[PDB]
Amino acid sequence: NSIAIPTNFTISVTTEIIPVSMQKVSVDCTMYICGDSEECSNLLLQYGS
Amino acid sequence: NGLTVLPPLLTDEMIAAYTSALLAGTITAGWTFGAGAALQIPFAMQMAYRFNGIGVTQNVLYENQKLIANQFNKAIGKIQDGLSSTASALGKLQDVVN
Amino acid sequence: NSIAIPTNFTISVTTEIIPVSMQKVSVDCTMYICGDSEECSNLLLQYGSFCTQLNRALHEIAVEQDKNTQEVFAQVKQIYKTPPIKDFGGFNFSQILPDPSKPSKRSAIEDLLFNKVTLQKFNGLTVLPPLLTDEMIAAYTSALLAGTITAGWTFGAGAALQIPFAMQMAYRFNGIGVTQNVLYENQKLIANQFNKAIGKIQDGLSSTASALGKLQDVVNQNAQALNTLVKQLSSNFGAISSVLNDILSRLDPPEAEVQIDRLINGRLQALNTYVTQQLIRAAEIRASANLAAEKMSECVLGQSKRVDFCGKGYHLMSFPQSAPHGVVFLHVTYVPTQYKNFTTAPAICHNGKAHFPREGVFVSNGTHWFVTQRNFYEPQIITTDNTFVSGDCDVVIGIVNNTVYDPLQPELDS
Amino acid sequence: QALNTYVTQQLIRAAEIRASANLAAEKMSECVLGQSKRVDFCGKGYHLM
Amino acid sequence: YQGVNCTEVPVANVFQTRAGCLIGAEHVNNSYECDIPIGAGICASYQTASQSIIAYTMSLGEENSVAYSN
Ligand SMILES: *[C@@H]1O[C@H](CO)[C@@H](O[C@@H]2O[C@H](CO)[C@@H](O[C@@H]3O[C@H](CO[C@H]4O[C@H](CO)[C@@H](O)[C@H](O)[C@@H]4O)[C@@H](O)[C@H](O[C@H]4O[C@H](CO)[C@@H](O)[C@H](O)[C@@H]4O)[C@@H]3O)[C@H](O)[C@H]2NC(C)=O)[C@H](O)[C@H]1NC(C)=O
Ligand SMILES: *[C@@H]1O[C@H](CO)[C@@H](O[C@@H]2O[C@H](CO)[C@@H](O[C@@H]3O[C@H](CO[C@H]4O[C@H](CO)[C@@H](O)[C@H](O)[C@@H]4O)[C@@H](O)[C@H](O[C@H]4O[C@H](CO)[C@@H](O)[C@H](O)[C@@H]4O)[C@@H]3O)[C@H](O)[C@H]2NC(C)=O)[C@H](O)[C@H]1NC(C)=O
Ligand SMILES: *[C@@H]1O[C@H](CO)[C@@H](O[C@@H]2O[C@H](CO)[C@@H](O[C@@H]3O[C@H](CO[C@H]4O[C@H](CO)[C@@H](O)[C@H](O)[C@@H]4O)[C@@H](O)[C@H](O[C@H]4O[C@H](CO)[C@@H](O)[C@H](O)[C@@H]4O)[C@@H]3O)[C@H](O)[C@H]2NC(C)=O)[C@H](O)[C@H]1NC(C)=O
Ligand SMILES: *[C@@H]1O[C@H](CO)[C@@H](O[C@@H]2O[C@H](CO)[C@@H](O[C@@H]3O[C@H](CO[C@H]4O[C@H](CO)[C@@H](O)[C@H](O)[C@@H]4O)[C@@H](O)[C@H](O[C@H]4O[C@H](CO)[C@@H](O)[C@H](O)[C@@H]4O)[C@@H]3O)[C@H](O)[C@H]2NC(C)=O)[C@H](O)[C@H]1NC(C)=O
Ligand SMILES: *[C@@H]1O[C@H](CO)[C@@H](O[C@@H]2O[C@H](CO)[C@@H](O[C@@H]3O[C@H](CO[C@H]4O[C@H](CO)[C@@H](O)[C@H](O)[C@@H]4O)[C@@H](O)[C@H](O[C@H]4O[C@H](CO)[C@@H](O)[C@H](O)[C@@H]4O)[C@@H]3O)[C@H](O)[C@H]2NC(C)=O)[C@H](O)[C@H]1NC(C)=O
Ligand SMILES: *[C@@H]1O[C@H](CO)[C@@H](O[C@@H]2O[C@H](CO)[C@@H](O)[C@H](O)[C@H]2NC(C)=O)[C@H](O)[C@H]1NC(C)=O
Ligand SMILES: *[C@@H]1O[C@H](CO)[C@@H](O[C@@H]2O[C@H](CO)[C@@H](O)[C@H](O)[C@H]2NC(C)=O)[C@H](O)[C@H]1NC(C)=O
Ligand SMILES: *[C@@H]1O[C@H](CO)[C@@H](O[C@@H]2O[C@H](CO)[C@@H](O)[C@H](O)[C@H]2NC(C)=O)[C@H](O)[C@H]1NC(C)=O
Ligand SMILES: *[C@@H]1O[C@H](CO)[C@@H](O[C@@H]2O[C@H](CO)[C@@H](O)[C@H](O)[C@H]2NC(C)=O)[C@H](O)[C@H]1NC(C)=O
Ligand SMILES: *[C@@H]1O[C@H](CO)[C@@H](O[C@@H]2O[C@H](CO)[C@@H](O)[C@H](O)[C@H]2NC(C)=O)[C@H](O)[C@H]1NC(C)=O
Ligand SMILES: *[C@@H]1O[C@H](CO)[C@@H](O)[C@H](O)[C@H]1NC(C)=O
């Protein structure tokens with residue numbers, strides 16, 4: 001037959017951090033593999049798309 | 001090597017402007033906000049109305065307003081100091097970059 | 001000391017489209033790589049058990065699709081039939097209930113939706129049909145909608161009896177913060193606005209074509225993936241030709257083995273890439289289906305207090321409609337329109353005590369002071385039945401001085 | 001092979017970031033523009049602002 | 001046999017369903033709850049009368065009716 005009841009209060013402020021986006025990257029496929037070379041470029045066309 | 005990084009569509013100033021507009025509208029318009037025809041609603045009335053949503057009557061706020069404001073200001077200052085000292089708060093944002 | 005209170009309202013209806021499932025595809029591993037050739041087939045056995053892994057992954061995706069559909073649509077196992085009397089207090093439900101005069105038991109809006117989404121075997125690629133046909137999906141949706149409309153808040157509890165619709169509307173008005181008398185005194189206007197909004201949505205669907213881009217994107221991506229997989233079958237990969245029959249009919253086995261090995265490696269890489277990207281896309285679709293199931297159970301079968309979870313405004317009702325590989329929701333909301341200015345105060349001081357409102361705000365139109373509710377203007381006299389007392393008149397900032405009336409003195413006098 | 005590995009892992013990481021962004025949007029709409037009754041969705045205690 | 005025509009099925013109690021050719025099951029027209037899914041709304045189960053497997057169209061549930069009033 002007991003109960004506890006508060007007689008005061010306090011105001012509390014906390015924080016929270018959430019990621020939203022990341023960095024945008026574009027890559028040249030042929031320049032990475034066969035950078036400035038015609039023999040490599042012609043060999044690359046055999047692999048399709 | 002053929003690798004390029006290209007910029008985002010919205011600059012940081014635009015993001016800050018969106019956030020500022022959102023915060024100012026929330027503070028000034030209260031529960032009206034996006035409904036239009038906005039008029040300045042007193043802040044203490046908003047605080048009382050949100051006190052009512054917890055299970056506490058409005059007279060508690062209207063009789064302890066000054067103490068409540070003091071505690072709020074102290075908490076904000078404490079958060080500012082904690083950010084100014086500690087460096088490992090933003091590990092969540094640092095991990096993605098790494 | 002100012003406050004704005006609406007003096008009117010409007011009923012708003014919006015839509016929302018969510019993907020649920022995607023196409024089921026089965027692939028024969030050996031037929032794709034070494035279609036009708038024995039030397040290639042015998043060379044393939046040296047690579048172990050790649051084909052079994054690929055087949056298993058595709059089969060798991062195919063099963064997950066049917067699981068998604070079953071989770072979204074087959075929530076309630078009771079079938080409710082269309083009411084024979086179309087009397088709902090003036091609300092028109094003809095454009096969203098099944099059409100009894102058509103072979104396909106679809107509503108008009110479902111028929112409009114199913115006409116806006118458009119639209120290699122001997123390479124070992126096969127597409128197999130879903131478990132639930134479109135008629136079954138439509139039947140589930142129709143039963144759900146009819147049961148929600150007729151049974152009100154009883155629904156799944158059994159022993160269902162026709163609850164009048166206006167009673168449901170009043171009960172859901174009460175959950176926003178507006179009293180029932182507003183609905184019971186503006187019923188005809190509310191019904192007119194509802195019917196006009198439904199007609200507007202029908203016209204908007206009949207004119208615009210880019211409404212279902214969300215559902216079109218999935219089809220486009222899957223078709224593009226399959227097209228790329230098929231086109232990768234004409235590449236050379238450094239061999240003399242891209243045909244197994246040619247090289248078998250021209251060369252001897254000792255070097256045919258080397259060049260067939262090159263071709264085999266290329267085809268294996270193509271299949272691996274296709275399967276991996278399909279796996280990732282399936283994960284994304286599953287997340288979307290989970291969202292759709294939560295939306296159905298929280299918006300169609302009850303009221304939601306979460307802000308902006310069921311459209312813009314205060315949520316009243318929502319109705320589901322079926323779409324190809326997806327679902328469409330129709331959210332009904334409450335929007336205050338016409339605002340007016342008043343002066344307000346936090347408390348009233350009458351005879352040395354402070355009075356606060358039990359509900360609502362103290363409002364003044366220049367001379368008199370009343371008390372209303374926040375979402376609709378309905379002034380009334382400040383009495384001792386609208387307020388409660390706490391403390392004296394020296395702690396509240398901004399207290400007024402007048403004046404609280406007692407509804408008992410005229411009775412005691414007489 | 002190197003390019004393939006890079007692209008695949010980027011795809012998976014993008015999916016995770018998208019889930020986080022969806023959580024952030026829900027948090028904004030449910031905690032900044034209204035009061036939330038969900039326990040511990042907006043910090044510890046009873047939510048005010 | 002998935003996606004096949006029984007007339008003629010050279011790769012093969014014979015029934016043509018929307019999912020292919022089914023061999024070894026008896027067709028009925030009483031609907032029940034799905035036990036083993038075949039596809040395109042067809043379901044199969046074995047029960048008493050021994051070793052007999054049947055194929056039927058799926059059922060969506062028990063019908064419910066309410067009294068209409070105002
Ligand atoms: C419910 O909880 C609240 C919240 O804590 C409490 O009530 C307040 O309790 C705080 C202590 O936690 C009290 O603050 C202290 O008050 C002392 C007495 O106040 C007099 O002196 C100050 C001096 O500036 C005057 O401004 C004030 O008007 C009073 O005349 C002060 O001695 C304390 O000041 C000292 O410490 C502070 C740092 O804490 C320094 O900045 C000062 O310079 C000084 O050194 C301090 O101000 C506060 O007074 C209480 N207010 C009330 C209204 O009660 C209780 O725990 C509880 N209240 C209940 C149950 O009623
Ligand atoms: C609550 O709101 C009030 C206004 O309503 C703010 O009060 C002012 O806040 C500003 C910003 O902090 C204070 O400006 C500061 O002035 C300092 C110098 O003057 C103070 O210090 C001398 C003692 O050296 C006192 O004699 C004098 O009276 C002032 O108290 C500057 O040094 C500060 O700059 C430093 O801090 C900033 C932080 O942003 C750094 O960026 C700087 O590089 C530098 O290190 C600052 O400019 C102003 O004094 C306050 N007014 C009063 C009357 O005190 C409260 O700040 C605000 N509180 C919260 C928690 O929001
Ligand atoms: C709260 O908001 C509501 C909602 O708008 C408003 O109250 C109603 O507002 C509508 C318009 O928004 C009013 O409708 C108009 O009423 C005019 C006068 O009504 C008489 O004439 C019509 C003619 O059919 C009779 O049916 C009616 O019984 C009245 O005798 C009409 O001139 C208007 O009709 C014309 O325009 C419509 C298209 O809008 C055409 O179809 C017609 O043929 C005709 O050319 C129109 O009907 C309505 O009267 C308002 N009152 C109601 C519904 O009771 C207010 O803004 C506001 N109400 C408040 C504050 O009380
Ligand atoms: C609210 O509920 C009521 C019933 O309670 C519905 O009223 C009936 O709705 C049907 C369906 O739209 C109407 O049937 C239509 O009849 C047209 C021909 O008659 C109308 O037009 C002539 C003038 O040309 C008038 O003289 C005559 O009185 C009628 O008003 C047909 O042409 C229609 O078919 C066309 O539209 C359909 C749309 O589904 C197309 O599929 C067809 O191919 C064709 O293009 C249509 O059959 C009926 O007339 C309405 N009754 C009355 C009394 O008007 C409301 O429609 C309903 N409203 C909402 C918003 O739910
Ligand atoms: C809301 O309503 C409350 C109560 O109805 C008002 O509070 C009263 O305001 C009046 C003024 O309008 C006050 O009357 C004045 O009181 C002065 C102070 O004396 C009183 O207070 C002291 C405190 O120590 C007591 O000891 C003393 O016994 C009194 O009770 C008097 O000096 C004034 O008299 C002078 O001015 C009048 C003007 O007519 C002259 O006729 C006199 O001859 C004399 O020169 C005056 O009587 C009254 O005290 C307030 N009551 C309380 C309880 O504070 C608020 O003003 C009202 N607010 C608004 C916005 O309307
Ligand atoms: C809300 O509208 C009222 C009009 O009902 C505005 O009252 C005007 O107030 C200005 C001074 O602020 C006066 O010059 C006008 O004469 C008033 N108009 C009337 C019709 O009385 C009130 O200003 C508006 N609220 C706010 C915050 O400006
Ligand atoms: C707006 O204020 C006016 C006073 O300027 C109120 O007019 C009186 O209101 C009382 C009770 O409401 C009536 O008994 C009087 O007959 C009214 N006087 C006149 C000249 O009309 C009016 O009621 C207030 N209205 C609202 C909605 O607050
Ligand atoms: C596969 O079998 C179906 C039977 O369900 C065939 O459809 C009918 O076939 C008969 C003769 O086999 C034709 O006379 C009908 O015109 C066909 N109907 C339709 C709507 O096409 C179907 O032709 C068979 N497919 C193949 C490739 O034999
Ligand atoms: C249930 O299936 C039986 C098949 O055993 C149906 O009986 C045949 O029905 C077709 C038309 O659907 C007739 O052309 C045959 O002559 C019937 N055969 C016999 C032996 O009667 C029966 O009609 C089906 N039930 C229903 C309601 O369609
Ligand atoms: C709900 O139950 C009541 C009785 O508890 C039903 O009242 C019956 O009404 C029919 C006529 O519609 C009478 O023939 C019966 O005699 C009534 N029953 C009794 C016990 O008097 C009532 O119809 C039921 N609700 C609905 C919608 O049918
Ligand atoms: C139901 O009662 C309403 C009045 O409340 C009446 O207008 C309507 O015609 C009645 N309908 C039936 C089917 O009894």
# chains A, B, ... in the order shown; residues from 1 in each chain; ligands from 1
$ residues_near_ligand --ligand "ligand 2" --cutoff "12 Å" --atoms "only C-alpha atoms and all ligand atoms" --output "ChimeraX atom specification"
/B:69-81,84
$ write_last_selection --atoms "C-alpha atoms" --output "PDB file, in the first residue's frame"
ATOM      1  CA  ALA B  69      13.662  29.167 -18.552  1.00  0.00           C
ATOM      2  CA  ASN B  70      16.767  29.213 -16.352  1.00  0.00           C
ATOM      3  CA  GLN B  71      17.164  25.440 -16.625  1.00  0.00           C
ATOM      4  CA  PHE B  72      16.670  25.561 -20.400  1.00  0.00           C
ATOM      5  CA  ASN B  73      19.325  28.250 -20.853  1.00  0.00           C
ATOM      6  CA  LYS B  74      21.795  26.408 -18.621  1.00  0.00           C
ATOM      7  CA  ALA B  75      21.316  23.183 -20.588  1.00  0.00           C
ATOM      8  CA  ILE B  76      21.903  24.963 -23.907  1.00  0.00           C
ATOM      9  CA  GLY B  77      25.100  26.522 -22.568  1.00  0.00           C
ATOM     10  CA  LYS B  78      26.276  23.151 -21.272  1.00  0.00           C
ATOM     11  CA  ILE B  79      25.803  21.588 -24.708  1.00  0.00           C
ATOM     12  CA  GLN B  80      27.774  24.435 -26.291  1.00  0.00           C
ATOM     13  CA  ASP B  81      30.674  23.925 -23.877  1.00  0.00           C
ATOM     14  CA  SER B  84      33.694  23.167 -27.660  1.00  0.00           C
TER      15      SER B  84
END
$ residues_near_ligand --ligand "ligand 6" --cutoff "7 Å" --atoms "only C-alpha atoms and all ligand atoms" --output "list in words"
residues 39 and 40 of chain B; 2, 340, 341 and 342 of chain C
$ interface_residues --of "chain B" --to "chain D" --cutoff "8 Å" --atoms "only C-alpha atoms" --output "VMD selection string"
chain B and resid 26 50 to 51 54
$ write_last_selection --atoms "C-alpha atoms" --output "PDB file, in the first residue's frame"
ATOM      1  CA  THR B  26       8.387  26.374 -35.649  1.00  0.00           C
ATOM      2  CA  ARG B  50       2.856  20.841 -24.807  1.00  0.00           C
ATOM      3  CA  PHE B  51       2.966  20.461 -21.020  1.00  0.00           C
ATOM      4  CA  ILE B  54       2.438  14.888 -21.064  1.00  0.00           C
TER       5      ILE B  54
END
$ residues_near_ligand --ligand "ligand 7" --cutoff "8 Å" --atoms "only C-alpha atoms and all ligand atoms" --output "mmCIF file with N, CA and C atoms, in the first residue's frame"
data_model
loop_
_atom_site.group_PDB
_atom_site.id
_atom_site.type_symbol
_atom_site.label_atom_id
_atom_site.label_comp_id
_atom_site.auth_asym_id
_atom_site.auth_seq_id
_atom_site.Cartn_x
_atom_site.Cartn_y
_atom_site.Cartn_z
ATOM 1 N N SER C 364 -10.794 36.855 -26.812
ATOM 2 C CA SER C 364 -11.468 38.141 -26.697
ATOM 3 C C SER C 364 -11.674 38.741 -28.079
ATOM 4 N N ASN C 365 -12.876 39.261 -28.326
ATOM 5 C CA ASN C 365 -13.194 39.923 -29.584
ATOM 6 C C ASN C 365 -13.316 41.438 -29.429
ATOM 7 N N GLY C 366 -12.674 42.002 -28.410
ATOM 8 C CA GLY C 366 -12.619 43.438 -28.220
ATOM 9 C C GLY C 366 -13.255 43.912 -26.930
ATOM 10 N N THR C 367 -14.412 43.352 -26.577
ATOM 11 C CA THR C 367 -15.090 43.690 -25.332
ATOM 12 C C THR C 367 -15.287 42.488 -24.423
ATOM 13 N N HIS C 368 -15.883 41.415 -24.929
ATOM 14 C CA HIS C 368 -16.213 40.246 -24.133
ATOM 15 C C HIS C 368 -15.098 39.213 -24.216
ATOM 16 N N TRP C 369 -15.112 38.285 -23.263
ATOM 17 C CA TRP C 369 -14.156 37.190 -23.208
ATOM 18 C C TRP C 369 -14.906 35.868 -23.237
ATOM 19 N N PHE C 370 -14.475 34.960 -24.110
ATOM 20 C CA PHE C 370 -15.077 33.642 -24.250
ATOM 21 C C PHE C 370 -13.992 32.578 -24.137
ATOM 22 N N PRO C 379 -17.368 30.139 -29.666
ATOM 23 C CA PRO C 379 -17.294 30.838 -28.381
ATOM 24 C C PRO C 379 -18.442 30.468 -27.457
#
$ interface_residues --of "chain C" --to "chain E" --cutoff "10 Å" --atoms "only C-alpha atoms" --output "JSON, numbers by chain"
{"C": [74, 76, 77, 78, 79, 80, 81, 82, 83, 84, 85, 87, 88, 89, 126, 127, 128, 129, 130, 131, 132, 133, 134, 135, 136, 137, 139, 140, 143, 147, 150, 151, 158, 159, 160, 161, 162, 163, 164, 165]}
$ write_last_selection --atoms "N, CA, C and O atoms" --output "short mmCIF file (atom, residue, chain, number, x, y, z; two decimals), in the first residue's frame"
data_model
loop_
_atom_site.label_atom_id
_atom_site.label_comp_id
_atom_site.auth_asym_id
_atom_site.auth_seq_id
_atom_site.Cartn_x
_atom_site.Cartn_y
_atom_site.Cartn_z
N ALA C 74 -2.84 -10.22 -47.64
CA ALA C 74 -3.69 -11.21 -46.98
C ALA C 74 -3.59 -11.06 -45.46
O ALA C 74 -3.09 -11.93 -44.74
N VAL C 76 -6.46 -10.07 -43.39
CA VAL C 76 -7.70 -10.45 -42.74
C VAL C 76 -8.38 -11.52 -43.57
O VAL C 76 -8.54 -11.36 -44.79
N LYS C 77 -8.80 -12.60 -42.92
CA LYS C 77 -9.31 -13.78 -43.60
C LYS C 77 -10.83 -13.83 -43.70
O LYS C 77 -11.37 -14.86 -44.13
N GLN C 78 -11.53 -12.77 -43.32
CA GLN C 78 -12.98 -12.71 -43.47
C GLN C 78 -13.34 -11.98 -44.75
O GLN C 78 -12.78 -10.92 -45.05
N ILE C 79 -14.28 -12.54 -45.50
CA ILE C 79 -14.74 -11.97 -46.76
C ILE C 79 -16.06 -11.25 -46.51
O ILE C 79 -17.06 -11.87 -46.14
N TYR C 80 -16.06 -9.93 -46.71
CA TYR C 80 -17.26 -9.11 -46.58
C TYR C 80 -17.79 -8.78 -47.96
O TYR C 80 -17.02 -8.40 -48.85
N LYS C 81 -19.10 -8.93 -48.14
CA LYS C 81 -19.70 -8.68 -49.44
C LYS C 81 -20.17 -7.24 -49.55
O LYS C 81 -20.35 -6.54 -48.55
N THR C 82 -20.37 -6.80 -50.79
CA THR C 82 -20.76 -5.43 -51.05
C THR C 82 -22.15 -5.16 -50.48
O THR C 82 -23.07 -5.97 -50.69
N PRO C 83 -22.35 -4.07 -49.74
CA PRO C 83 -23.68 -3.76 -49.20
C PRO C 83 -24.69 -3.56 -50.31
O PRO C 83 -24.38 -2.93 -51.33
N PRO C 84 -25.91 -4.08 -50.15
CA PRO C 84 -26.92 -3.90 -51.20
C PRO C 84 -27.56 -2.53 -51.20
O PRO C 84 -28.05 -2.09 -52.25
N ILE C 85 -27.57 -1.83 -50.07
CA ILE C 85 -28.10 -0.48 -49.98
C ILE C 85 -26.92 0.48 -49.92
O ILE C 85 -26.10 0.42 -49.00
N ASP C 87 -26.52 3.56 -49.06
CA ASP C 87 -26.84 4.71 -48.24
C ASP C 87 -25.81 4.85 -47.13
O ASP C 87 -25.79 4.06 -46.18
N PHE C 88 -24.95 5.87 -47.25
CA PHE C 88 -23.90 6.10 -46.27
C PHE C 88 -23.94 7.53 -45.75
O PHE C 88 -22.89 8.12 -45.49
N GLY C 89 -25.13 8.10 -45.60
CA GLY C 89 -25.23 9.47 -45.14
C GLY C 89 -24.86 10.51 -46.16
O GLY C 89 -24.61 11.66 -45.80
N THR C 126 13.76 -18.04 -68.24
CA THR C 126 12.33 -18.28 -68.10
C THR C 126 11.76 -17.38 -67.02
O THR C 126 12.41 -17.14 -65.99
N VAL C 127 10.55 -16.88 -67.24
CA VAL C 127 9.81 -16.10 -66.26
C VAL C 127 8.57 -16.90 -65.87
O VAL C 127 7.79 -17.31 -66.73
N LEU C 128 8.39 -17.10 -64.56
CA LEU C 128 7.30 -17.94 -64.08
C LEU C 128 6.29 -17.12 -63.29
O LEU C 128 6.65 -16.13 -62.65
N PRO C 129 5.02 -17.51 -63.31
CA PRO C 129 3.95 -16.61 -62.87
C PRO C 129 3.86 -16.52 -61.35
O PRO C 129 4.33 -17.42 -60.64
N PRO C 130 3.26 -15.46 -60.83
CA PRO C 130 3.08 -15.34 -59.38
C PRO C 130 1.99 -16.27 -58.87
O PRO C 130 1.16 -16.78 -59.62
N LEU C 131 2.02 -16.48 -57.55
CA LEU C 131 1.08 -17.42 -56.93
C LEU C 131 -0.34 -16.86 -56.89
O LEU C 131 -1.30 -17.59 -57.16
N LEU C 132 -0.49 -15.58 -56.55
CA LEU C 132 -1.80 -14.95 -56.49
C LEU C 132 -2.06 -14.17 -57.77
O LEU C 132 -1.26 -13.31 -58.16
N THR C 133 -3.17 -14.47 -58.42
CA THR C 133 -3.55 -13.75 -59.63
C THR C 133 -4.05 -12.35 -59.27
O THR C 133 -4.25 -12.01 -58.10
N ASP C 134 -4.25 -11.53 -60.30
CA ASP C 134 -4.71 -10.16 -60.08
C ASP C 134 -6.13 -10.12 -59.54
O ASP C 134 -6.46 -9.23 -58.73
N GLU C 135 -6.98 -11.05 -59.96
CA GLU C 135 -8.34 -11.10 -59.44
C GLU C 135 -8.36 -11.37 -57.95
O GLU C 135 -9.17 -10.79 -57.22
N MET C 136 -7.47 -12.24 -57.47
CA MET C 136 -7.41 -12.52 -56.04
C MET C 136 -6.96 -11.30 -55.25
O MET C 136 -7.49 -11.02 -54.17
N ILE C 137 -5.98 -10.56 -55.77
CA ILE C 137 -5.55 -9.33 -55.11
C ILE C 137 -6.70 -8.34 -55.05
O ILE C 137 -6.94 -7.71 -54.01
N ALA C 139 -9.87 -9.01 -55.07
CA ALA C 139 -10.86 -9.51 -54.13
C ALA C 139 -10.45 -9.22 -52.69
O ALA C 139 -11.28 -8.82 -51.87
N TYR C 140 -9.17 -9.42 -52.37
CA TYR C 140 -8.69 -9.10 -51.03
C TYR C 140 -8.89 -7.62 -50.72
O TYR C 140 -9.40 -7.25 -49.65
N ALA C 143 -12.67 -6.82 -50.25
CA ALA C 143 -13.18 -7.30 -48.96
C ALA C 143 -12.70 -6.41 -47.83
O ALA C 143 -13.47 -6.06 -46.93
N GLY C 147 -15.36 -4.25 -45.60
CA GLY C 147 -15.43 -4.51 -44.17
C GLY C 147 -15.13 -3.27 -43.35
O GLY C 147 -15.81 -2.99 -42.37
N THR C 150 -18.25 -0.90 -43.59
CA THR C 150 -19.51 -1.31 -42.98
C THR C 150 -19.39 -1.59 -41.48
O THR C 150 -20.31 -1.26 -40.73
N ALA C 151 -18.29 -2.18 -41.03
CA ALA C 151 -18.21 -2.63 -39.65
C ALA C 151 -17.63 -1.58 -38.70
O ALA C 151 -17.67 -1.78 -37.49
N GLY C 158 -15.57 -9.90 -35.02
CA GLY C 158 -16.67 -10.81 -35.23
C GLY C 158 -17.98 -10.26 -34.71
O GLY C 158 -18.05 -9.19 -34.10
N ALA C 159 -19.05 -11.02 -34.96
CA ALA C 159 -20.41 -10.61 -34.60
C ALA C 159 -20.72 -9.22 -35.15
O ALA C 159 -21.33 -8.38 -34.48
N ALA C 160 -20.30 -8.99 -36.39
CA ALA C 160 -20.37 -7.65 -36.96
C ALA C 160 -21.80 -7.26 -37.29
O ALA C 160 -22.60 -8.08 -37.76
N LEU C 161 -22.12 -6.00 -37.04
CA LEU C 161 -23.40 -5.40 -37.40
C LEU C 161 -23.14 -4.07 -38.08
O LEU C 161 -22.16 -3.39 -37.79
N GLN C 162 -24.03 -3.72 -39.01
CA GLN C 162 -23.89 -2.46 -39.73
C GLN C 162 -23.91 -1.27 -38.78
O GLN C 162 -24.93 -0.98 -38.16
N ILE C 163 -22.77 -0.59 -38.66
CA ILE C 163 -22.67 0.64 -37.88
C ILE C 163 -22.88 1.81 -38.83
O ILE C 163 -22.26 1.85 -39.90
N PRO C 164 -23.73 2.78 -38.50
CA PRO C 164 -23.95 3.91 -39.40
C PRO C 164 -22.65 4.67 -39.66
O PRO C 164 -21.82 4.84 -38.76
N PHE C 165 -22.48 5.11 -40.90
CA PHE C 165 -21.22 5.71 -41.31
C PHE C 165 -20.98 7.05 -40.62
O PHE C 165 -19.85 7.35 -40.21
#
$ interface_residues --of "chain A" --to "chain C" --cutoff "7 Å" --atoms "only C-alpha atoms" --output "list in words"
residues 46, 47 and 48 of chain A
$ write_last_selection --atoms "N, CA, C and O atoms" --output "mmCIF file, in the first residue's frame"
data_model
loop_
_atom_site.group_PDB
_atom_site.id
_atom_site.type_symbol
_atom_site.label_atom_id
_atom_site.label_comp_id
_atom_site.auth_asym_id
_atom_site.auth_seq_id
_atom_site.Cartn_x
_atom_site.Cartn_y
_atom_site.Cartn_z
ATOM 1 N N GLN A 46 36.708 -6.293 -77.032
ATOM 2 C CA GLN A 46 36.351 -7.703 -77.088
ATOM 3 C C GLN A 46 35.541 -8.149 -75.878
ATOM 4 O O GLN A 46 34.946 -9.230 -75.914
ATOM 5 N N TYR A 47 35.498 -7.348 -74.816
ATOM 6 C CA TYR A 47 34.839 -7.726 -73.574
ATOM 7 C C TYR A 47 33.408 -7.216 -73.468
ATOM 8 O O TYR A 47 32.790 -7.357 -72.411
ATOM 9 N N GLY A 48 32.867 -6.632 -74.530
ATOM 10 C CA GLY A 48 31.472 -6.244 -74.522
ATOM 11 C C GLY A 48 31.186 -4.875 -73.941
ATOM 12 O O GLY A 48 31.678 -3.864 -74.451
#
$ residues_around --residues "residue 346 (chain C)" --least-positions-apart "2" --cutoff "12 Å" --atoms "only C-alpha atoms" --output "ChimeraX atom specification"
/B:42-49,58-59,61-63 /C:1-3,343-344,348-349,354-357,360-364,371,393,395-401
$ residues_around --residues "residue 29 (chain D)" --least-positions-apart "6" --cutoff "9 Å" --atoms "only C-alpha atoms" --output "short mmCIF file (atom, residue, chain, number, x, y, z; two decimals) with N, CA and C atoms, in the first residue's frame"
data_model
loop_
_atom_site.label_atom_id
_atom_site.label_comp_id
_atom_site.auth_asym_id
_atom_site.auth_seq_id
_atom_site.Cartn_x
_atom_site.Cartn_y
_atom_site.Cartn_z
N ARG C 306 0.72 9.88 -35.71
CA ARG C 306 2.04 10.27 -36.19
C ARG C 306 1.90 11.33 -37.28
N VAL C 307 2.69 12.39 -37.16
CA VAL C 307 2.58 13.52 -38.08
C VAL C 307 3.12 13.13 -39.44
N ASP C 308 2.32 13.40 -40.48
CA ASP C 308 2.71 13.22 -41.88
C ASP C 308 2.97 11.76 -42.25
N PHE C 309 2.51 10.82 -41.43
CA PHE C 309 2.62 9.41 -41.80
C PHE C 309 1.54 8.98 -42.78
#
